[PDB]
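Here is final.cif, consisting of mmCIF, C-alpha atoms and all ligand atoms:
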```cif
data_coords
#
loop_
_atom_site.label_atom_id
_atom_site.label_comp_id
_atom_site.auth_asym_id
_atom_site.auth_seq_id
_atom_site.Cartn_x
_atom_site.Cartn_y
_atom_site.Cartn_z
CA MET A 1 -8.76 31.76 -17.51
CA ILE A 2 -8.50 28.56 -19.56
CA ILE A 3 -7.85 24.87 -18.96
CA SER A 4 -5.97 23.12 -21.77
CA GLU A 5 -3.27 20.56 -22.53
CA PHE A 6 0.08 21.68 -21.14
CA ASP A 7 2.59 22.86 -23.76
CA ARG A 8 5.49 20.50 -23.05
CA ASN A 9 7.75 22.78 -25.10
CA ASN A 10 7.22 26.02 -23.17
CA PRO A 11 10.29 26.73 -20.97
CA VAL A 12 8.54 29.58 -19.16
CA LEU A 13 5.47 27.48 -18.35
CA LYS A 14 7.64 24.59 -17.21
CA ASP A 15 9.43 27.06 -14.93
CA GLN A 16 6.21 28.21 -13.28
CA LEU A 17 5.22 24.57 -12.77
CA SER A 18 8.55 23.93 -11.05
CA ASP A 19 8.06 26.87 -8.70
CA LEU A 20 4.44 25.96 -8.02
CA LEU A 21 5.56 22.45 -7.09
CA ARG A 22 8.49 23.67 -4.98
CA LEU A 23 6.36 26.22 -3.14
CA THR A 24 3.49 23.80 -2.51
CA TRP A 25 5.64 20.79 -1.60
CA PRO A 26 9.13 22.05 -0.65
CA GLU A 27 9.99 18.79 1.11
CA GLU A 28 8.90 16.72 -1.89
CA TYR A 29 10.24 18.96 -4.67
CA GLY A 30 13.54 20.46 -3.54
CA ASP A 31 16.46 19.53 -5.78
CA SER A 32 15.18 17.37 -8.66
CA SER A 33 12.17 19.69 -8.95
CA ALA A 34 12.71 20.72 -12.57
CA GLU A 35 13.60 17.06 -13.06
CA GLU A 36 10.29 15.62 -11.88
CA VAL A 37 8.69 18.25 -14.09
CA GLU A 38 10.31 16.62 -17.11
CA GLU A 39 9.02 13.28 -15.84
CA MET A 40 5.51 14.74 -15.99
CA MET A 41 6.15 15.80 -19.60
CA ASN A 42 6.46 12.16 -20.71
CA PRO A 43 4.44 11.48 -23.92
CA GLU A 44 2.66 8.53 -22.28
CA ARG A 45 1.32 10.80 -19.54
CA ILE A 46 -1.34 13.47 -19.69
CA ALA A 47 -0.45 17.03 -18.66
CA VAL A 48 -3.17 19.66 -18.30
CA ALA A 49 -2.64 23.26 -17.25
CA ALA A 50 -4.77 26.08 -15.90
CA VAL A 51 -3.54 29.44 -17.17
CA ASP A 52 -4.80 32.91 -16.35
CA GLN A 53 -3.58 35.29 -19.05
CA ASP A 54 0.00 34.01 -19.08
CA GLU A 55 0.33 32.75 -15.50
CA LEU A 56 0.15 29.06 -14.60
CA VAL A 57 -2.27 28.79 -11.68
CA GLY A 58 -2.93 25.06 -11.73
CA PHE A 59 -1.65 21.75 -13.07
CA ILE A 60 -2.85 18.16 -13.15
CA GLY A 61 -1.35 15.03 -14.65
CA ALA A 62 -2.09 11.33 -15.07
CA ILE A 63 0.16 8.27 -15.37
CA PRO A 64 -0.97 5.09 -17.16
CA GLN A 65 -0.33 2.34 -14.59
CA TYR A 66 -2.47 -0.53 -15.94
CA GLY A 67 -2.30 -0.96 -19.70
CA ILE A 68 -4.45 1.83 -21.14
CA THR A 69 -7.25 1.12 -18.67
CA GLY A 70 -6.02 2.27 -15.26
CA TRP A 71 -4.51 5.71 -14.69
CA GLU A 72 -3.12 7.36 -11.56
CA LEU A 73 -4.00 11.03 -11.06
CA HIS A 74 -0.72 12.73 -10.16
CA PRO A 75 -0.12 15.44 -9.38
CA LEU A 76 -2.84 18.02 -8.76
CA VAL A 77 -1.86 21.47 -7.60
CA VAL A 78 -3.55 24.86 -7.63
CA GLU A 79 -1.77 28.03 -6.46
CA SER A 80 -2.69 28.38 -2.79
CA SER A 81 -3.81 31.91 -3.63
CA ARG A 82 -6.25 30.81 -6.34
CA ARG A 83 -8.03 27.94 -4.59
CA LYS A 84 -11.75 27.56 -3.91
CA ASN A 85 -12.83 28.84 -7.33
CA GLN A 86 -13.36 25.65 -9.36
CA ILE A 87 -9.84 25.51 -10.81
CA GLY A 88 -9.33 22.05 -9.33
CA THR A 89 -12.74 20.85 -10.52
CA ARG A 90 -12.09 22.07 -14.04
CA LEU A 91 -8.67 20.40 -14.07
CA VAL A 92 -10.03 17.06 -12.88
CA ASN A 93 -12.89 17.11 -15.37
CA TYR A 94 -10.50 17.95 -18.21
CA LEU A 95 -8.17 15.17 -17.12
CA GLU A 96 -11.07 12.71 -17.14
CA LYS A 97 -11.97 13.65 -20.72
CA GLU A 98 -8.33 13.17 -21.82
CA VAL A 99 -7.97 9.79 -20.11
CA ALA A 100 -11.24 8.55 -21.57
CA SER A 101 -10.14 9.56 -25.07
CA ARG A 102 -7.14 7.24 -24.73
CA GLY A 103 -9.30 4.25 -23.85
CA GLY A 104 -8.97 4.78 -20.11
CA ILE A 105 -11.57 3.26 -17.79
CA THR A 106 -10.58 4.34 -14.30
CA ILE A 107 -8.49 6.93 -12.53
CA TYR A 108 -7.23 6.38 -9.01
CA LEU A 109 -5.13 8.41 -6.60
CA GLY A 110 -3.53 8.28 -3.19
CA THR A 111 -4.13 11.16 -0.78
CA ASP A 112 -2.14 10.91 2.44
CA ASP A 113 -3.23 11.97 5.93
CA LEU A 114 -0.08 13.02 7.80
CA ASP A 115 -1.58 15.45 10.32
CA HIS A 116 -4.91 14.01 11.48
CA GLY A 117 -7.00 15.66 8.76
CA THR A 118 -9.52 12.79 8.77
CA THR A 119 -10.72 10.07 11.13
CA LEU A 120 -8.62 7.53 9.21
CA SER A 121 -5.40 8.75 10.81
CA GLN A 122 -4.41 8.25 14.46
CA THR A 123 -6.13 4.87 14.64
CA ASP A 124 -5.17 1.26 13.92
CA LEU A 125 -6.47 0.78 10.38
CA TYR A 126 -6.20 -3.01 10.50
CA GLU A 127 -9.09 -2.90 12.99
CA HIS A 128 -12.55 -2.38 11.47
CA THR A 129 -10.73 -1.22 8.34
CA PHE A 130 -13.72 -0.74 6.07
CA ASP A 131 -16.20 0.39 8.72
CA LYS A 132 -13.77 3.22 9.42
CA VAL A 133 -13.47 3.98 5.70
CA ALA A 134 -17.26 4.08 5.34
CA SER A 135 -17.65 6.34 8.40
CA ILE A 136 -14.77 8.69 7.57
CA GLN A 137 -15.24 12.28 8.74
CA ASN A 138 -13.31 15.31 7.48
CA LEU A 139 -11.61 16.93 10.46
CA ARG A 140 -9.37 19.60 8.90
CA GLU A 141 -10.58 20.25 5.36
CA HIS A 142 -8.68 17.24 4.02
CA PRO A 143 -8.74 17.11 0.20
CA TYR A 144 -10.24 13.61 0.08
CA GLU A 145 -13.63 15.31 0.27
CA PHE A 146 -12.70 17.38 -2.77
CA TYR A 147 -12.36 14.16 -4.75
CA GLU A 148 -15.53 12.67 -3.26
CA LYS A 149 -17.47 15.64 -4.60
CA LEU A 150 -16.04 14.89 -8.05
CA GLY A 151 -17.34 11.33 -7.94
CA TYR A 152 -14.31 9.54 -6.53
CA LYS A 153 -14.77 6.95 -3.79
CA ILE A 154 -12.39 5.73 -1.11
CA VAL A 155 -11.62 2.17 -2.20
CA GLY A 156 -8.71 1.42 0.08
CA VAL A 157 -6.19 2.54 2.67
CA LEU A 158 -2.51 1.87 3.30
CA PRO A 159 -2.05 1.57 7.08
CA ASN A 160 0.99 3.34 8.56
CA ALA A 161 2.28 4.25 5.09
CA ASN A 162 4.05 7.46 6.11
CA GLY A 163 4.71 6.31 9.66
CA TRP A 164 2.52 5.08 12.50
CA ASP A 165 -1.12 6.08 11.96
CA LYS A 166 -0.31 8.32 8.97
CA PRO A 167 -2.00 6.31 6.18
CA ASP A 168 -2.42 6.87 2.48
CA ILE A 169 -6.04 6.92 1.34
CA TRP A 170 -6.78 5.33 -2.06
CA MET A 171 -9.64 6.79 -4.09
CA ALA A 172 -10.94 5.84 -7.52
CA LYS A 173 -13.54 6.64 -10.14
CA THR A 174 -14.56 4.81 -13.29
CA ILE A 175 -14.95 7.60 -15.84
CA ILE A 176 -17.10 6.12 -18.60
CA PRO A 177 -20.39 4.21 -18.89
CA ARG A 178 -20.25 0.55 -17.96
CA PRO A 179 -21.01 -1.97 -20.76
CA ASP A 180 -24.74 -2.77 -20.33
CA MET B 1 19.62 -23.00 -2.92
CA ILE B 2 20.83 -20.07 -0.83
CA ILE B 3 18.55 -17.08 -0.47
CA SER B 4 20.65 -13.94 -0.39
CA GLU B 5 21.11 -10.47 -1.80
CA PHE B 6 20.86 -10.51 -5.59
CA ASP B 7 24.20 -9.87 -7.34
CA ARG B 8 23.35 -6.71 -9.28
CA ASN B 9 26.49 -6.95 -11.40
CA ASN B 10 25.99 -10.51 -12.61
CA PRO B 11 24.84 -10.21 -16.25
CA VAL B 12 23.93 -13.90 -16.53
CA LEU B 13 21.78 -13.84 -13.39
CA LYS B 14 20.04 -10.74 -14.78
CA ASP B 15 19.29 -12.55 -18.03
CA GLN B 16 17.71 -15.43 -16.12
CA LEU B 17 15.67 -12.91 -14.14
CA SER B 18 14.60 -11.25 -17.38
CA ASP B 19 13.64 -14.68 -18.75
CA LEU B 20 11.69 -15.66 -15.64
CA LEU B 21 9.79 -12.36 -15.70
CA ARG B 22 8.80 -12.73 -19.36
CA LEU B 23 7.62 -16.29 -18.77
CA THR B 24 5.61 -15.35 -15.69
CA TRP B 25 4.20 -12.08 -17.02
CA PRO B 26 4.73 -12.07 -20.82
CA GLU B 27 2.20 -9.24 -21.13
CA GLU B 28 4.11 -6.98 -18.74
CA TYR B 29 7.66 -7.98 -19.68
CA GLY B 30 8.52 -7.98 -23.38
CA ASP B 31 11.23 -6.55 -25.62
CA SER B 32 12.23 -3.96 -23.01
CA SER B 33 12.59 -6.70 -20.39
CA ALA B 34 16.25 -5.92 -19.69
CA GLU B 35 15.36 -2.30 -18.95
CA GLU B 36 12.72 -3.32 -16.42
CA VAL B 37 15.32 -5.57 -14.76
CA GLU B 38 17.76 -2.67 -14.46
CA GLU B 39 15.06 -0.62 -12.73
CA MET B 40 14.85 -3.40 -10.15
CA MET B 41 18.59 -2.94 -9.55
CA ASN B 42 18.19 0.69 -8.41
CA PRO B 43 20.19 1.35 -5.19
CA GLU B 44 17.13 2.40 -3.20
CA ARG B 45 15.46 -0.96 -3.86
CA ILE B 46 15.92 -4.31 -2.17
CA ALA B 47 16.70 -7.22 -4.50
CA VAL B 48 16.80 -10.77 -3.14
CA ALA B 49 17.15 -14.07 -4.96
CA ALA B 50 16.97 -17.80 -4.38
CA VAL B 51 19.78 -19.45 -6.32
CA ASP B 52 20.43 -23.18 -6.62
CA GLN B 53 24.12 -23.76 -7.44
CA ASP B 54 23.78 -21.49 -10.50
CA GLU B 55 20.11 -21.42 -11.49
CA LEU B 56 17.88 -18.53 -10.45
CA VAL B 57 14.89 -20.25 -8.85
CA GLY B 58 13.26 -17.21 -7.28
CA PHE B 59 13.41 -13.44 -6.92
CA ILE B 60 11.75 -10.83 -4.74
CA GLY B 61 12.16 -7.08 -4.65
CA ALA B 62 10.85 -4.08 -2.75
CA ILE B 63 10.52 -0.38 -3.58
CA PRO B 64 10.49 2.41 -0.98
CA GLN B 65 7.42 4.45 -1.98
CA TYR B 66 6.58 6.48 1.12
CA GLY B 67 9.80 7.82 2.58
CA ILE B 68 11.44 4.71 4.01
CA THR B 69 8.41 3.66 6.07
CA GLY B 70 6.19 2.30 3.29
CA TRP B 71 7.48 -0.26 0.80
CA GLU B 72 5.86 -1.91 -2.20
CA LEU B 73 6.65 -5.61 -2.59
CA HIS B 74 7.46 -6.02 -6.28
CA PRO B 75 8.05 -8.35 -7.90
CA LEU B 76 7.89 -11.89 -6.46
CA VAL B 77 8.37 -14.96 -8.62
CA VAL B 78 9.40 -18.58 -8.16
CA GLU B 79 10.05 -21.04 -11.01
CA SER B 80 6.88 -23.08 -11.55
CA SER B 81 8.76 -26.36 -11.08
CA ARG B 82 9.98 -25.16 -7.67
CA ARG B 83 6.73 -23.81 -6.22
CA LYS B 84 4.80 -25.12 -3.22
CA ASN B 85 8.06 -25.88 -1.42
CA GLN B 86 8.23 -22.74 0.76
CA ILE B 87 10.61 -20.80 -1.50
CA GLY B 88 8.03 -18.01 -1.79
CA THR B 89 7.50 -17.94 1.97
CA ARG B 90 11.25 -17.76 2.60
CA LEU B 91 11.73 -14.99 0.04
CA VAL B 92 9.03 -12.88 1.68
CA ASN B 93 10.38 -13.55 5.19
CA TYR B 94 13.87 -12.52 4.09
CA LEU B 95 12.51 -9.39 2.40
CA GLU B 96 10.47 -8.33 5.43
CA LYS B 97 13.58 -8.52 7.61
CA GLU B 98 15.62 -6.42 5.19
CA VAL B 99 12.82 -3.89 4.73
CA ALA B 100 12.54 -3.55 8.51
CA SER B 101 16.31 -3.07 8.81
CA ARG B 102 16.00 -0.13 6.41
CA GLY B 103 13.28 1.53 8.49
CA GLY B 104 10.22 -0.02 6.88
CA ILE B 105 6.97 -0.14 8.82
CA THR B 106 4.52 -1.33 6.17
CA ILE B 107 4.85 -3.46 3.03
CA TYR B 108 2.01 -3.42 0.52
CA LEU B 109 1.37 -4.95 -2.88
CA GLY B 110 -1.15 -5.06 -5.69
CA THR B 111 -2.14 -8.45 -7.03
CA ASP B 112 -4.31 -8.38 -10.13
CA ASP B 113 -7.13 -10.72 -11.02
CA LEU B 114 -7.37 -10.90 -14.80
CA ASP B 115 -8.89 -14.40 -15.14
CA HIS B 116 -11.73 -14.74 -12.61
CA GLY B 117 -9.28 -16.18 -10.10
CA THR B 118 -11.25 -14.67 -7.21
CA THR B 119 -14.86 -13.67 -6.55
CA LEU B 120 -13.80 -10.02 -6.80
CA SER B 121 -13.60 -10.24 -10.60
CA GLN B 122 -16.45 -10.61 -13.13
CA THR B 123 -18.66 -8.36 -11.00
CA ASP B 124 -19.26 -4.62 -10.71
CA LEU B 125 -16.99 -3.90 -7.74
CA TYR B 126 -18.70 -0.55 -7.17
CA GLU B 127 -21.84 -2.32 -5.97
CA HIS B 128 -21.38 -3.50 -2.36
CA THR B 129 -17.62 -3.03 -2.66
CA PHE B 130 -16.55 -3.89 0.88
CA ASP B 131 -19.21 -6.60 1.27
CA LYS B 132 -17.62 -8.42 -1.68
CA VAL B 133 -14.10 -7.83 -0.39
CA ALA B 134 -15.18 -9.22 2.98
CA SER B 135 -16.51 -12.44 1.43
CA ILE B 136 -13.80 -12.98 -1.17
CA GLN B 137 -13.18 -16.57 -2.22
CA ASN B 138 -10.28 -18.09 -4.11
CA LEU B 139 -11.56 -19.66 -7.34
CA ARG B 140 -8.36 -20.56 -9.18
CA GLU B 141 -5.57 -20.65 -6.61
CA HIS B 142 -5.03 -16.89 -6.92
CA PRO B 143 -1.89 -15.67 -5.07
CA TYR B 144 -3.77 -13.26 -2.81
CA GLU B 145 -4.29 -16.23 -0.49
CA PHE B 146 -0.55 -16.88 -0.45
CA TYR B 147 -0.05 -13.41 1.01
CA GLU B 148 -3.00 -13.76 3.39
CA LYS B 149 -1.38 -16.86 4.87
CA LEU B 150 1.73 -14.76 5.44
CA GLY B 151 -0.07 -12.07 7.40
CA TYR B 152 -1.09 -9.69 4.61
CA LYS B 153 -4.63 -8.30 4.63
CA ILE B 154 -6.73 -6.98 1.76
CA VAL B 155 -6.89 -3.26 2.51
CA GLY B 156 -8.29 -2.08 -0.80
CA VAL B 157 -9.34 -2.79 -4.36
CA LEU B 158 -9.14 -0.87 -7.62
CA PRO B 159 -12.26 -1.73 -9.67
CA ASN B 160 -11.77 -2.17 -13.42
CA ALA B 161 -8.02 -1.49 -13.17
CA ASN B 162 -7.02 -3.91 -15.94
CA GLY B 163 -10.24 -3.59 -17.89
CA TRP B 164 -13.88 -3.98 -16.87
CA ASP B 165 -14.29 -6.31 -13.90
CA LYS B 166 -10.54 -7.09 -13.82
CA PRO B 167 -9.47 -5.40 -10.55
CA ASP B 168 -6.19 -5.01 -8.71
CA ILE B 169 -6.28 -6.16 -5.09
CA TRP B 170 -4.24 -4.17 -2.57
CA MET B 171 -2.76 -6.03 0.39
CA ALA B 172 -0.58 -4.84 3.23
CA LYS B 173 1.24 -5.92 6.38
CA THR B 174 2.91 -3.93 9.15
CA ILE B 175 6.18 -5.74 9.77
CA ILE B 176 7.31 -4.46 13.16
CA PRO B 177 5.59 -4.43 16.58
CA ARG B 178 3.40 -1.42 17.36
CA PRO B 179 5.17 0.84 19.92
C1 LIG A 201 -7.55 20.16 -3.25
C2 LIG A 201 -7.39 21.22 -4.35
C3 LIG A 201 -6.67 20.59 -5.58
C4 LIG A 201 -8.78 21.67 -4.78
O1 LIG A 201 -8.69 22.73 -5.75
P1 LIG A 201 -9.72 23.96 -5.70
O2 LIG A 201 -9.64 24.65 -7.01
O3 LIG A 201 -9.47 24.72 -4.46
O4 LIG A 201 -11.12 23.18 -5.57
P2 LIG A 201 -12.55 23.61 -6.16
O5 LIG A 201 -12.74 25.06 -5.96
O6 LIG A 201 -12.69 23.02 -7.51
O7 LIG A 201 -13.53 22.82 -5.14
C5 LIG A 201 -14.73 22.19 -5.58
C6 LIG A 201 -15.50 21.61 -4.38
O8 LIG A 201 -14.65 20.83 -3.53
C7 LIG A 201 -14.55 21.29 -2.19
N1 LIG A 201 -13.20 21.23 -1.62
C8 LIG A 201 -12.02 21.68 -2.16
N2 LIG A 201 -10.98 21.48 -1.40
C9 LIG A 201 -11.51 20.87 -0.27
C10 LIG A 201 -10.92 20.39 0.94
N3 LIG A 201 -9.61 20.49 1.19
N4 LIG A 201 -11.74 19.82 1.88
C11 LIG A 201 -13.06 19.72 1.62
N5 LIG A 201 -13.72 20.13 0.52
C12 LIG A 201 -12.87 20.70 -0.40
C13 LIG A 201 -15.08 22.72 -2.34
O9 LIG A 201 -15.71 23.13 -1.12
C14 LIG A 201 -16.12 22.66 -3.45
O10 LIG A 201 -17.32 22.10 -2.89
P3 LIG A 201 -18.75 22.83 -3.07
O11 LIG A 201 -18.97 22.85 -4.54
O12 LIG A 201 -19.69 21.96 -2.33
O13 LIG A 201 -18.55 24.17 -2.47
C15 LIG A 201 -6.60 22.49 -3.81
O14 LIG A 201 -7.23 23.05 -2.66
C16 LIG A 201 -5.10 22.22 -3.59
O15 LIG A 201 -4.27 22.60 -4.42
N6 LIG A 201 -4.78 21.55 -2.47
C17 LIG A 201 -3.42 21.19 -2.07
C18 LIG A 201 -2.87 20.00 -2.85
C19 LIG A 201 -3.36 18.66 -2.35
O16 LIG A 201 -3.29 18.37 -1.15
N7 LIG A 201 -3.87 17.84 -3.28
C20 LIG A 201 -4.40 16.49 -3.02
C21 LIG A 201 -3.75 15.44 -3.90
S1 LIG A 201 -3.27 13.95 -3.00
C1 LIG A 202 2.90 -16.91 -5.55
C2 LIG A 202 4.26 -17.62 -5.47
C3 LIG A 202 5.39 -16.57 -5.31
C4 LIG A 202 4.26 -18.53 -4.23
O1 LIG A 202 5.52 -19.20 -4.08
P1 LIG A 202 5.61 -20.67 -3.42
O2 LIG A 202 7.03 -20.95 -3.13
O3 LIG A 202 4.83 -21.60 -4.27
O4 LIG A 202 4.82 -20.47 -2.03
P2 LIG A 202 5.00 -21.36 -0.70
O5 LIG A 202 5.30 -22.76 -1.08
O6 LIG A 202 5.90 -20.64 0.22
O7 LIG A 202 3.51 -21.30 -0.10
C5 LIG A 202 3.25 -21.20 1.30
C6 LIG A 202 1.75 -21.43 1.56
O8 LIG A 202 0.93 -20.67 0.65
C7 LIG A 202 0.12 -21.43 -0.24
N1 LIG A 202 0.06 -20.93 -1.63
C8 LIG A 202 1.10 -20.67 -2.51
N2 LIG A 202 0.71 -20.24 -3.68
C9 LIG A 202 -0.67 -20.20 -3.57
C10 LIG A 202 -1.71 -19.83 -4.50
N3 LIG A 202 -1.45 -19.40 -5.74
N4 LIG A 202 -3.01 -19.91 -4.06
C11 LIG A 202 -3.27 -20.34 -2.81
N5 LIG A 202 -2.38 -20.72 -1.87
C12 LIG A 202 -1.08 -20.63 -2.33
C13 LIG A 202 0.78 -22.81 -0.10
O9 LIG A 202 -0.21 -23.82 -0.32
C14 LIG A 202 1.28 -22.87 1.35
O10 LIG A 202 0.15 -23.08 2.22
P3 LIG A 202 0.28 -23.96 3.57
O11 LIG A 202 1.28 -23.24 4.39
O12 LIG A 202 -1.10 -23.93 4.12
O13 LIG A 202 0.73 -25.29 3.10
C15 LIG A 202 4.49 -18.54 -6.75
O14 LIG A 202 3.40 -19.45 -6.98
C16 LIG A 202 4.76 -17.75 -8.04
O15 LIG A 202 5.91 -17.40 -8.33
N6 LIG A 202 3.69 -17.48 -8.80
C17 LIG A 202 3.71 -16.74 -10.06
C18 LIG A 202 3.95 -15.25 -9.89
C19 LIG A 202 2.93 -14.57 -8.98
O16 LIG A 202 1.72 -14.73 -9.17
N7 LIG A 202 3.44 -13.82 -8.00
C20 LIG A 202 2.65 -13.08 -7.03
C21 LIG A 202 2.84 -11.58 -7.17
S1 LIG A 202 1.30 -10.67 -6.93
#
```
The structure in this file should be written as structure tokens.
Amino acid sequence: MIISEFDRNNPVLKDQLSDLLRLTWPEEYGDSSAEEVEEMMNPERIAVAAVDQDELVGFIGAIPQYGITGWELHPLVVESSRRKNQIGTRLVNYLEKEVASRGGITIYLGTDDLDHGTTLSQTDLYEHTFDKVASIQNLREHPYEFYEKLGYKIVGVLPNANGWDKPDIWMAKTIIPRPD
Amino acid sequence: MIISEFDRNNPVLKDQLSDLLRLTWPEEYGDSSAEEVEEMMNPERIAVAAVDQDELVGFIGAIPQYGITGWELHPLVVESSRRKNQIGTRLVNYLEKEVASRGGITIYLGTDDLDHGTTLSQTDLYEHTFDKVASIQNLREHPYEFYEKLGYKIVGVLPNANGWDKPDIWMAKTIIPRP
């Protein structure tokens, strides 16, 4: 299958994206699902799709949050039935090329830990904040490790973001060579 | 000088807010300044202002970003001629109370360093990241210290956010006692 820029004018494709988002995150994409999809189609954003034949199996987007330099990776979803076969890796790498081409320097993201997937949850993060970040361990195949393998680093945490001891984990990667 | 809920239907107050935002952050607030002000009026957000008889002297807002438990403090501004008189402190204190009333647990913010205002800028933040964060110093009266004095702690940094060696500094505070 191929990874390419998402055709913002393809009703069918946009429908599959909506479903994929609703299925994956039913609590986050219930009503305004097709609506948030349109939000992801914004010209200022980047929208990359993974299509097998004619089926959308993965999608990744990026939002410019700091001028043209800092972008937020959001969202990233791969059909639960097509995971573990480099689709996510290929989507992230394609996104990075697209961001760089627009003058982007860094991409960051927030990956939450709501069900004790890592050692950063179920603990007071204001205590030994960064020692805990540095010694993080993946307890339940939390996706933060997916990003680490792609070169992203945990650069921060948001204590009790989603409720007591259910933090958001901030990760980032600078995608181009540093002026030398 | 009464710090209270911002009147979201007052067009004149909104124009002053728009003005204050363009004077404080001319790079972030330009032609579409009125639009950005309307976004701050969204029903889910908290909007609080310090008003002296008729002049808008300060404004603070908050956005629920994680359910209703995690809120981003944005924006916060006090007229230059009125600073260092506790108006900022009072705006934040008032906001924290209102956020808590709405179910908030944590308030966070991102304060950028674009002009070597702290030791975190003008250096490759990917080398000894947390060592540098741990020994941060305030070089040009950067506002991160204002938040630190109010109980906020640096919980993260985004290297090269605004361009090489011009990071964003993430700070946060849990506003209610831990059960
Ligand atoms: C996380 C996700 C996007 C990864 O997509 P994918 O196509 O399955 O990932 P890939 O096959 O490209 O994985 C590449 C590498 O990352 C690792 N990896 C992937 N998901 C992982 C996880 N949850 N925990 C640990 N490692 C993981 C793989 O083992 C592989 O490592 P290896 O090369 O050493 O074997 C996908 O599983 C998904 O859709 N998850 C749910 C959505 C989500 O929570 N996203 C996080 C955004 S906040
Ligand atoms: C940052 C700002 C809101 C502070 O408002 P303020 O009314 O001047 O703050 P206060 O007078 O309540 O300050 C309380 C304490 O913080 C300190 N403080 C305030 N601004 C500070 C700064 N920039 N650097 C260091 N300390 C600062 C005060 O000295 C005082 O300390 P003390 O209690 O030890 O005497 C104001 O300067 C402002 O509007 N700045 C421009 C916009 C901005 O940068 N906003 C921050 C968003 S990231």
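Any residue of chain A with an atom no more than 8 Å from chain B counts as a contact; using all atoms listed in the file, that gives residues 66, 67, 69, 70, 105, 106, 108, 129, 130, 155, 156, 157, 158, 159, 160, 161, 162, 163, 164, 170, 172, 174 and 178 of chain A.
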Taking all atoms listed in the file into account, name the residue in B:111, B:9, B:118, B:42 that is nearest to ligand LIG 202 (chain A).
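Distance minimum relative to ligand LIG 202 (chain A) lands on B:111.
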Test item: residues no farther than 8 Å from ligand LIG 201 (chain A), counting all atoms listed in the file, as a short mmCIF file (atom, residue, chain, number, x, y, z; two decimals) with C-alpha atoms, keeping the file's coordinate frame:
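Contents of the output file part-v9.cif:
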```cif
data_model
loop_
_atom_site.label_atom_id
_atom_site.label_comp_id
_atom_site.auth_asym_id
_atom_site.auth_seq_id
_atom_site.Cartn_x
_atom_site.Cartn_y
_atom_site.Cartn_z
CA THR A 24 3.49 23.80 -2.51
CA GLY A 58 -2.93 25.06 -11.73
CA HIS A 74 -0.72 12.73 -10.16
CA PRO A 75 -0.12 15.44 -9.38
CA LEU A 76 -2.84 18.02 -8.76
CA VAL A 77 -1.86 21.47 -7.60
CA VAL A 78 -3.55 24.86 -7.63
CA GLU A 79 -1.77 28.03 -6.46
CA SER A 80 -2.69 28.38 -2.79
CA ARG A 82 -6.25 30.81 -6.34
CA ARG A 83 -8.03 27.94 -4.59
CA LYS A 84 -11.75 27.56 -3.91
CA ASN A 85 -12.83 28.84 -7.33
CA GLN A 86 -13.36 25.65 -9.36
CA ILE A 87 -9.84 25.51 -10.81
CA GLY A 88 -9.33 22.05 -9.33
CA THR A 89 -12.74 20.85 -10.52
CA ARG A 90 -12.09 22.07 -14.04
CA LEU A 109 -5.13 8.41 -6.60
CA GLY A 110 -3.53 8.28 -3.19
CA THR A 111 -4.13 11.16 -0.78
CA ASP A 112 -2.14 10.91 2.44
CA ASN A 138 -13.31 15.31 7.48
CA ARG A 140 -9.37 19.60 8.90
CA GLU A 141 -10.58 20.25 5.36
CA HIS A 142 -8.68 17.24 4.02
CA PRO A 143 -8.74 17.11 0.20
CA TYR A 144 -10.24 13.61 0.08
CA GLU A 145 -13.63 15.31 0.27
CA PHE A 146 -12.70 17.38 -2.77
CA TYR A 147 -12.36 14.16 -4.75
CA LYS A 149 -17.47 15.64 -4.60
CA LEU A 150 -16.04 14.89 -8.05
#
```
Please, what distance in Å, to one decimal, runs between atom CA of residue 64 of chain B and atom CA of residue 46 of chain B?
8.7 Å
Taking only C-alpha atoms and all ligand atoms into account, which residues have an atom no farther than 8 Å from ligand LIG 202 (chain A)? I'd like them as an MDAnalysis selection string.
chainID B and resid 24:25 58 74:80 82:90 109:112 138 140:147 149:150
Those selected residues, please, written with C-alpha atoms and delivered as a compact mmCIF listing (two decimals), in the coordinates of the input.
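Dumped everything to out-v8.txt:
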```txt
# COMPACT_ATOMS: atom_id res chain seq x y z
CA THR B 24 5.61 -15.35 -15.69
CA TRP B 25 4.20 -12.08 -17.02
CA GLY B 58 13.26 -17.21 -7.28
CA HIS B 74 7.46 -6.02 -6.28
CA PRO B 75 8.05 -8.35 -7.90
CA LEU B 76 7.89 -11.89 -6.46
CA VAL B 77 8.37 -14.96 -8.62
CA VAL B 78 9.40 -18.58 -8.16
CA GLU B 79 10.05 -21.04 -11.01
CA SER B 80 6.88 -23.08 -11.55
CA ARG B 82 9.98 -25.16 -7.67
CA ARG B 83 6.73 -23.81 -6.22
CA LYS B 84 4.80 -25.12 -3.22
CA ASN B 85 8.06 -25.88 -1.42
CA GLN B 86 8.23 -22.74 0.76
CA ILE B 87 10.61 -20.80 -1.50
CA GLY B 88 8.03 -18.01 -1.79
CA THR B 89 7.50 -17.94 1.97
CA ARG B 90 11.25 -17.76 2.60
CA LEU B 109 1.37 -4.95 -2.88
CA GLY B 110 -1.15 -5.06 -5.69
CA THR B 111 -2.14 -8.45 -7.03
CA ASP B 112 -4.31 -8.38 -10.13
CA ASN B 138 -10.28 -18.09 -4.11
CA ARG B 140 -8.36 -20.56 -9.18
CA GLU B 141 -5.57 -20.65 -6.61
CA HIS B 142 -5.03 -16.89 -6.92
CA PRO B 143 -1.89 -15.67 -5.07
CA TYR B 144 -3.77 -13.26 -2.81
CA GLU B 145 -4.29 -16.23 -0.49
CA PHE B 146 -0.55 -16.88 -0.45
CA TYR B 147 -0.05 -13.41 1.01
CA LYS B 149 -1.38 -16.86 4.87
CA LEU B 150 1.73 -14.76 5.44
```
